[PDB]
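>
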Amino acid sequence: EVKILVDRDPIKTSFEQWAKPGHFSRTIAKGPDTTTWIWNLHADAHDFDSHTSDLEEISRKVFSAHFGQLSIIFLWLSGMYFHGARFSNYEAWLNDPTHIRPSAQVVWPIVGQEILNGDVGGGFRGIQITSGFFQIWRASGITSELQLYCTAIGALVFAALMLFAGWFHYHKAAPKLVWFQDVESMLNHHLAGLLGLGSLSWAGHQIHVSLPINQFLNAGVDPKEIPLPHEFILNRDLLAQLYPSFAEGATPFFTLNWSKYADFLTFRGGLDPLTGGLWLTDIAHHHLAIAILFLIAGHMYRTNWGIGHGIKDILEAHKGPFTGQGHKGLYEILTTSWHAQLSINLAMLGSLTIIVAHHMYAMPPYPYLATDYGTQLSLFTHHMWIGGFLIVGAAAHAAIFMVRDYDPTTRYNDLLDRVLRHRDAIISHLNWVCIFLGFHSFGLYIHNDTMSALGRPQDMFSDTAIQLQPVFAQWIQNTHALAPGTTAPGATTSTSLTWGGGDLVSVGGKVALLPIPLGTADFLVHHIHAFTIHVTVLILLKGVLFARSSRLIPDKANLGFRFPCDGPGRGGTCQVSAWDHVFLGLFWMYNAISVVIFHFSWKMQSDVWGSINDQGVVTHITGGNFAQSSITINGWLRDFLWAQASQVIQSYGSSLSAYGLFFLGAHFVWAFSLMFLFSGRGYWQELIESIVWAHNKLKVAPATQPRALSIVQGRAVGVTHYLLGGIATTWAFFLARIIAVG
Amino acid sequence: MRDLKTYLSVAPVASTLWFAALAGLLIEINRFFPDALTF
Amino acid sequence: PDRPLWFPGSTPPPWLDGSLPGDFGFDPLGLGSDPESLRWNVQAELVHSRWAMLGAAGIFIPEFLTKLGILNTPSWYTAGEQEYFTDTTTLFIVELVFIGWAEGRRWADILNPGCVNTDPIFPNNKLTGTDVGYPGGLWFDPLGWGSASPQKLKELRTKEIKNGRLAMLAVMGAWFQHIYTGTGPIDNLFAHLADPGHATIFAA
Amino acid sequence: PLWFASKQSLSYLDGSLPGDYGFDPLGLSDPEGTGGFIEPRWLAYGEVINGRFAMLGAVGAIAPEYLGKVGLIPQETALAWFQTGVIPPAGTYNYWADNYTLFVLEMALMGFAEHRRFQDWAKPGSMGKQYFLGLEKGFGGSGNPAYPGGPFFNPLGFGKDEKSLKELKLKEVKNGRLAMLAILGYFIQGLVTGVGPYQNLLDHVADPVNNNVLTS
Ligand code: CLA
Ligand code: CLA
Ligand code: CLA
Ligand code: CLA
Ligand SMILES: CC(/C=C/C=C(C)/C=C/[C@@]12O[C@]1(C)C[C@@H](O)CC2(C)C)=C\C=C\C=C(C)\C=C\C=C(C)\C=C\[C@@]12O[C@]1(C)C[C@@H](O)CC2(C)C
Ligand SMILES: CC1=C(/C=C/C(C)=C/C=C/C(C)=C/C=C/C=C(C)/C=C/C=C(C)/C=C/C2=C(C)CCCC2(C)C)C(C)(C)CCC1
Ligand SMILES: CC1=C(C/C=C(\C)CCC[C@H](C)CCC[C@H](C)CCCC(C)C)C(=O)c2ccccc2C1=O
Ligand code: SF4
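Chains A, J, 2 and 3, in that order, are what the protein sequence lines are. Each number in the deposited numbering corresponds to the 1-based position in the first sequence with 16 added. Going by the deposited numbering, the residue at position 8 of the second sequence is 8; the numbering climbs one at a time, nothing skipped. Each number in the deposited numbering corresponds to the 1-based position in the third sequence with 51 added. Each number in the deposited numbering corresponds to the 1-based position in the fourth sequence with 49 added.
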């Protein structure tokens, strides 16, 4: 009986607990004896498990916290639209997108910082943005700062509404546990509701606002003279003159003459050659079809009627000779453990973001996006990092599930048990394949560096020597290029100009996309990716499989998820906790993503991006140097890092100088992280003793007794500054380089 | 209200207000008397 | 204690009895819940009322006569930017030493209610007020209209605070109208009296 | 009589509800775990209040259209619902005030009435208590928030006894439901036909075969 079940006035709204730091925790609430209190207060703030063991009361906390996050995002979007409206050159940028640099931030004149207001065109001075908002607003048919002002007010309203709902669904009407557990209703309402009615209603905007307004923009008529969006709704003839399918109205839709709509609903593929982005008629037809699939998919699971499955039935029906009982018991686990849910969602949301990175570069979905080399290098890198972080988060809450929620007596599952029963076979196999990968990927580079140093370039793994051609990738490329005439007859051109074949698309003399060649160097850097990803999974998967126990620590699960070690005995047990595996996996995730984005930057500058001639002579940014240079480590040192770092280290005295300072600053924070990772709190606590003595000598010691950070905090502080400094360095290196040469 | 005044006195809140006030003061001294290297 | 409230049917806050003049039970944010603050806010409301009324009559009446011809006083919004017998910055110094002294003794009276009722130069002169905010004496109540029965003092002070509250919205309106329209207040009223349904805050 | 009722909707809809046909296919008025505005006492009030406004609207959104086609009010004040200034891009009309200035007077007048009305739902004994131009003599409600009556809301004395009031409440409810569907009718017929409701009623008589929902 799926119904709305809510409790009335569970938690009284009062500032009483704002005045009581650590009220959520019974230990923390008593107040500080030492400075360690300060940190545990923050480390435990969102660990709703440790606050209360009641699953209903935990779910209410995560529900209202989600509203809190949505409030923050809307407020974030409000400012993005507000700055486009009030502090931007978007209106000027619409008239000349090939030349004017998007800018939506202006610094006040103080202490000489005006120099960051750069000559970006359009009679404007500001910081060049790489979020890509301008390409979005154009593709949405936004034509004035007035339209951004109204979107910013709506975002601000939604921010208040989301905040109100969070307070409302925690203090006034808090859903009962069984309401959250109705996973069938939720899946139906998200497939059909969120995904379905979102893609359908957005398709409506693309049809009635985005398609027509972009046709005027691409025809060349001034945005101040393009008819306002509501005129294409009030007066159909405006639409019909651009797409005569609207003349017959909604009649061809219901009469199954859908082919009549073939002028604004297409299957062309490739890129609009006068704008550089995907065809807005292909995109609108995409959201249309996608909306249909989700509206029907939101009818799969059973609710208040008869049709539909119980998700438990589908799970309990899949099991084999090698697996036994199979997926039985998973429905109780995924309806009682928030961390099991969070592990899967982080895994997939992370993976999906990495895909968004690839698809958005090879099939640029926004007009004049592909030729804004700075925006596109930022978008791909930004989503790689977001994706890689979310993935490492999946391993933590998978590990947290094993320590806290796993219970074979109440919620058994033979699939999970079967893996636990041979975790030594899994981890040892992943260990060996990692050793194989490392030797047969990175070792080839070392071969090349040593061969090239000895004056023996004939013995290298090179396109001009021992060639390692990626035959299988080359084959897939040549296949997709022949799909539009053959295996995809309805498709006019390939889904991407990257597909080894076709021609080229340019916007404003700048190359947008051409076929991307894959040779020996692409073979090497792809086996680095497989190596680095494998080691990341090795560390993280090992952390979850031995989170409860190991031959070394039989009762590890009793030590919790997050604990420093179990002491110097057994030869030493530092970093046995699953939490420490997540700590080590972040460094490897960082490693893997760093060379992925380096791979991306060098390839694009070398073999894709560049300027096209009057006659078609393409001059790439680094002139095809990727093939002979990227097969030795010295090639990455010299031809990539040393050469492309030019821009950032000579940015002083120009509007790019803030990247100069961030380049050095992030180096600093990165080196600073090593103090924490290389040392240990015993040293620091003794040091503090001598310092405390000095304070006592002058009657200035605090009653909150100073303590060294805990062992785990030291590690957390270390990896946090390591990742921040590391990534920020590449950030300042990428933006300076691409804004100066893109 | 007294609970709110207690929270407004908690270390982080009192710090941002203190340092915000400080930053405003130093910024305005630098807008009125910029580029001071001597004194 | 059983008085009309700013919100009929609602419940007044516990810190508001009805013993204060102008008590209608309005303090939804509890800015006066602490008694120490409620006494300070009463004094702050009293002086905000008395300055707003002087300000209102000082911008509405003079502008009302110049819109005709009985006076020629310039726009209230620009009267400060024009030049006078000495410069404006000398007038401000003389204002501080004169208003600061009067404010200083009022401040002392708030924090120590009886300490400043006596003339410091000629100690024969004295003020007659009993409550903080109502100094009495010859200089501020020469008619004796401030000393009456507590029933009449409740109403008289309620008239005082009500006229001061209205004046506060009015003065703040005069500042806001002069920025949204482009003329003085007497112009705005006639414009709205010329066409009530259209000449309003809407122009579009 | 039961309109698509279920043996769980019958558990709480005890017939003691004006218009109790047992219809609740989604279990909305279920007294188990209520809160917010999903509440039994409040939903009946919202059914009545929405029903009363729709009765005014369904008539008023077609009264100038009907009276105008006959020729009973001037052809320059007889309008369809969506062309009176309510939707400026679809239609405007120069009233004595601006279209936005009128809404301020609306929310100002509708504020006082709708605010005072809410206090009889919250604090029943109120509204008659605090002074209000002496009008508070007929603002004390009745213990029923939805049926206050009195000299202002029941000045003629209808619903004289038990068997009359429940027969009146039952008819009052069913009318609002049809008027609400009428309000719903005027809305979709407007966006799909672009013409007024009474004209849509006309052309379905002048040609029922070619003027239909399937032709648009
Ligand atoms: C993610 C959101 C975001 C971000 C990062 C920024 C960032 C910026 N904005 Mg912007 N803005 C945003 C959203 C955002 N905005 C939104 C949604 C609006 C519409 C309301 C605006 C409207 C806006 C205007 C109108 C202006 C800016 C300006 C600026 C710049 C300088 C701001 C400054 O120094 O303030 C000054 C600093 C402060 C006011 C901070 C005071 C410190 C106090 C003590 C902190 C209080 C902490 C307290 C405990 C919590 C309070 C919470 C409370 C809100 C409930 C800066 C680049 C300025 C600019 O670009 O100038 C050229 C400018 O004039 N913004
Ligand atoms: C939707 C995503 C999501 C959600 C809801 C959670 C939720 C949770 N995680 Mg998890 N996690 C995630 C993603 C997520 N995580 C990801 C992506 C990773 C990989 C990095 C992890 C890694 C992880 C670990 C390793 C641990 C958790 C823990 C926890 C729990 C406690 C969190 C807490 O109190 O922190 C309070 C939050 C803070 C103290 C914030 C610290 C500040 C951060 C680290 C620095 C941010 C820097 C910023 C981006 C740059 C600004 C710099 C500027 C200020 C100069 C909570 C259930 C902890 C636990 O025990 O669970 C029971 C735990 O030990 N998570
Ligand atoms: C550049 C520095 C560096 C190097 C080379 C390594 C190397 C390795 N790490 Mg490691 N690591 C590092 C930094 C480094 N790490 C840092 C900074 C951290 C902290 C976050 C970690 C944390 C870490 C963890 C947590 C894990 C690893 C793992 C691994 C192994 C991966 C398997 C592999 O490729 O084996 C092949 C070895 C190489 C590719 C190294 C180069 C080999 C050379 C080129 C061949 C030499 C040929 C011959 C011997 C010549 C010498 C002759 C001489 C004797 C005369 C490998 C031994 C994983 C592991 O053990 O998986 C098996 C693992 O789980 N590391
Ligand atoms: C994903 C977010 C989310 C979820 C799952 C819920 C879930 C719930 N809310 Mg809730 N709420 C939310 C966001 C959310 N809310 C927000 C953002 C607000 C602030 C406005 C509220 C304010 C709110 C109140 C005030 C109440 C609830 C109630 C409820 C419960 C019953 C809702 C219901 O079916 O009533 C039936 C739903 C309706 C009658 C609304 C139908 C029409 C509205 C306008 C929906 C239109 C939304 C649509 C998607 C927007 C399209 C815009 C586009 C066309 C331009 C249920 C637990 C109720 C409760 O406590 O139940 C026990 C209740 O009283 N919520
Ligand atoms: C209105 C304003 C106060 C409004 C504050 C109210 C709403 C606060 C309401 C609430 O707090 C409560 C009560 C309770 C809380 O639970 C809720 C909120 C909502 C928070 C004071 C303005 C106070 C305004 C007064 C002080 C201004 C006096 C100005 C005079 C001096 C002007 C003189 C001149 O104008 C002349 C005469 C001629 C010109 O030519 C020259 C000049 C010099 C301009
Ligand atoms: C940007 C932004 C924003 C905005 C947004 C918007 C503007 C939205 C809109 C939206 C919309 C506006 C939507 C709509 C929707 C609709 C829908 C979703 C519909 C549906 C329908 C249906 C489902 C149908 C049905 C049917 C059928 C099927 C058959 C026949 C009959 C009918 C027709 C009935 C905001 C401010 C928030 C924030 C920031 C950003
Ligand atoms: C350097 C560092 C030390 C010492 C660093 C700690 C003590 C950090 C000190 C943090 C702050 C600066 C302490 C003071 C915080 C107060 C809020 C400051 C108030 C003053 C105002 C300006 C706000 C250890 O704790 C240790 C922990 C285990 C592994 C190695 C590490 C690590 O290498
Ligand atoms: S060194 Fe630190 S972590 Fe390693 S065992 Fe000793 S105490 Fe535990």
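Even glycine gets a Cβ: it sits at the ideal position worked out from N, Cα and C.
1) Please check if any C-beta of chain A sits within less than 8 angstroms of the C-beta of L22 (chain J).
2) Does any residue of chain J bring its CB to less than 8 angstroms from the CB of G195 (chain 2)?
3) Thinking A127 (chain 3) and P113 (chain 3) are a contact (beta carbons under 8 angstroms), I'd like their distance in whole angstroms, please.
4) Between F40 (chain A) and chain J, is there a C-beta pair that is closer than 8 angstroms?
5) Name all residues in chain order for which at least one heavy atom of ligand 8 lies closer than 5 angstroms to the residue's CB.
6) Taking 7 angstroms as the cut-off, does the CB of residue 256 (chain 2) come closer than this to any heavy atom belonging to ligand 5?
7) Could you check whether the segment 185-195 of chain 3 touches the segment 151-162 of chain 3, counting it as contact only if at least three pairs of C-beta atoms, one from each stretch, sit closer than 8 angstroms?
8) Just to check, is the beta-carbon of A719 (chain A) closer than 7 angstroms to a non-hydrogen atom of ligand 7?
9) Report yes or no: is there a C-beta of chain A within less than 8 angstroms of the C-beta of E221 (chain 3)?
10) Cα separation between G676 (chain A) and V664 (chain A)?
11) Is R564 (chain A) helix, strand or coil by DSSP?
12) Pick out whichever of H374 (chain A), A208 (chain A), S156 (chain A) has its Cα sitting closest to the Cα of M400 (chain A).
13) Apply the 10 Å Cβ neighbour rule to residue 6 (chain A) and answer buried if 16 or more other Cβ atoms are within range, or exposed otherwise.
14) Chain 2 partners of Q168 (chain 3), CB-CB under 7 angstroms?
15) Can you find at least 3 beta carbon pairs, one from the segment 297-311 of chain A and one from the segment 505-522 of chain A, that sit closer than 8 angstroms?
16) Please name the residue or residues paired with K177 (chain 2) in a DSSP beta bridge.
17) Thinking C-beta only, is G184 (chain 2) closer than 8 angstroms to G197 (chain 2)?
18) DSSP three-state call for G198 (chain 3): helix, strand or coil?
19) Would you say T140 (chain 2) touches ligand 6, meaning its beta carbon is less than 7 angstroms from a heavy atom?
20) Mind pulling the beta strand (DSSP E) runs of 3 or more residues that sit fully within the segment 550-622 of chain A?
21) Expressed to the nearest angstrom, what Euclidean distance is found between the alpha-carbon atoms of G342 (chain A) and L672 (chain A)?
22) Enumerate in chain order the residues of its own chain whose CB-to-CB distance from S126 (chain 2) is below 7 angstroms, with the five nearest sequence positions on each side excluded.
23) Contact criterion: CB-CB distance below 8 angstroms. Does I29 (chain J) meet it with respect to chain A?
24) I'd like to know whether the C-beta atoms of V167 (chain 2) and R156 (chain 2) end up nearer to each other than 8 angstroms.
25) Would you kindly report the start and end of the unbroken alpha helix (DSSP H) that includes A497 (chain A)?
26) Does DSSP classify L214 (chain 3) as helix, strand or coil?
27) Which runs of the alpha helix (DSSP H) at least 4 residues long sit entirely within the segment 105-185 of chain 3? Give them in chain order.
28) Could you list which residues in chain 2 have their beta carbon closer than 7 angstroms to that of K172 (chain 3), in chain order?
29) So which residues of chain J does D78 (chain 2) contact, with C-beta pairs closer than 8 angstroms?
30) Is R697 (chain A) near ligand 2, in the sense that its beta carbon is under 7 angstroms from a heavy atom of that ligand?
31) Against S175 (chain 3), what residues of chain 2 qualify as contacts under a CB-to-CB distance less than 8 angstroms, listed in chain order?
32) Is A724 (chain A) near ligand 7, in the sense that its beta carbon is under 7 angstroms from a heavy atom of that ligand?
33) Is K28 (chain A) close to chain 3? Criterion is C-beta to C-beta, closer than 8 angstroms.
34) In chain J, which residues lie less than 7 angstroms from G81 (chain 2) when you measure between Cβ atoms?
35) Under 7 angstroms from any heavy atom of ligand 7, does the C-beta of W295 (chain A) make it?
36) Can you give me the Cβ contacts of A228 (chain 3) inside the same chain, cut-off strictly under 6 angstroms, excluding the 5 residues immediately before and after it?
According to the data block:
1) Put simply, the CB of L22 (chain J) is far from chain A, with every gap to its CB atoms at 8 angstroms or more.
2) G195 (chain 2) does not count as touching chain J.
3) Right, the Cβ-Cβ distance comes to about 4 angstroms (below 8 angstroms), so this counts as a contact.
4) No, no contact with chain J.
5) This selection yields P580 (chain A), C581 (chain A), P584 (chain A), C590 (chain A).
6) Here chain 2 comprises residues numbered 52 to 255, so residue 256 (chain 2) is not present and cannot be evaluated.
7) Contact between the segment 185-195 of chain 3 and the segment 151-162 of chain 3 is absent, because fewer than three Cβ pairs lie under 8 angstroms.
8) Result no, Cβ not under 7 angstroms from ligand 7.
9) Chain A, which has no Cβ nearer than 8 angstroms to the Cβ of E221 (chain 3), makes this no.
10) In this model, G676 (chain A) and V664 (chain A) are separated by some 5 angstroms (Cα to Cα).
11) Assigned with DSSP and collapsed to three states, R564 (chain A) falls in coil, not helix or strand.
12) Minimum Cα distance to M400 (chain A) is reached at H374 (chain A).
13) Chain A is shown from 17 up to 758; residue 6 (chain A) falls before or after that span and cannot be answered.
14) Those are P59, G60, listed as they occur along chain 2.
15) No, because fewer than three Cβ pairs between the segment 297-311 of chain A and the segment 505-522 of chain A fall closer than 8 angstroms, the two stretches do not touch.
16) Note: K177 (chain 2) sits in a beta bridge opposite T169 (chain 2).
17) For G197 (chain 2) and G184 (chain 2), no; Cβs fall outside 8 angstroms.
18) The answer is coil: DSSP assigns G198 (chain 3) none of H, G, I, E or B.
19) Checking the Cβ of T140 (chain 2) against ligand 6 gives no.
20) Residue ranges of uninterrupted beta strand (DSSP E) with 3 or more members are absent from the segment 550-622 of chain A; none lies entirely inside it.
21) Their backbone Cα atoms lie some 58 angstroms apart in a straight line.
22) Closer than 7 angstroms at Cβ, skipping near neighbours: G235.
23) No, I29 (chain J) lies away from the interface with chain A (no Cβ there is under 8 angstroms from its Cβ).
24) Remark: C-beta atoms of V167 (chain 2) and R156 (chain 2) approach each other more closely than 8 angstroms.
25) Per DSSP, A497 (chain A) belongs to the alpha helix (DSSP H) from 487-497.
26) Three-state result, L214 (chain 3): helix.
27) Counting only runs of 4 or more, we get 112-119, 148-171.
28) Simply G60.
29) The contacting residues do not exist; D78 (chain 2) stays about 10 angstroms from chain J at best.
30) No; taking the cut-off as 7 angstroms, the Cβ of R697 (chain A) has no heavy atom of ligand 2 nearer than that.
31) What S175 (chain 3) touches in chain 2: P59, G60.
32) If you check the C-beta of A724 (chain A) against ligand 7, you find a heavy atom less than 7 angstroms away.
33) So, not an interface residue.
34) Scanning chain J for C-beta atoms nearer than 7 angstroms to the C-beta of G81 (chain 2) yields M1, reported in chain order.
35) No; taking the cut-off as 7 angstroms, the Cβ of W295 (chain A) has no heavy atom of ligand 7 nearer than that.
36) Excluding residues within five positions, the ones whose Cβ falls inside 6 angstroms are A103, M104, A107.
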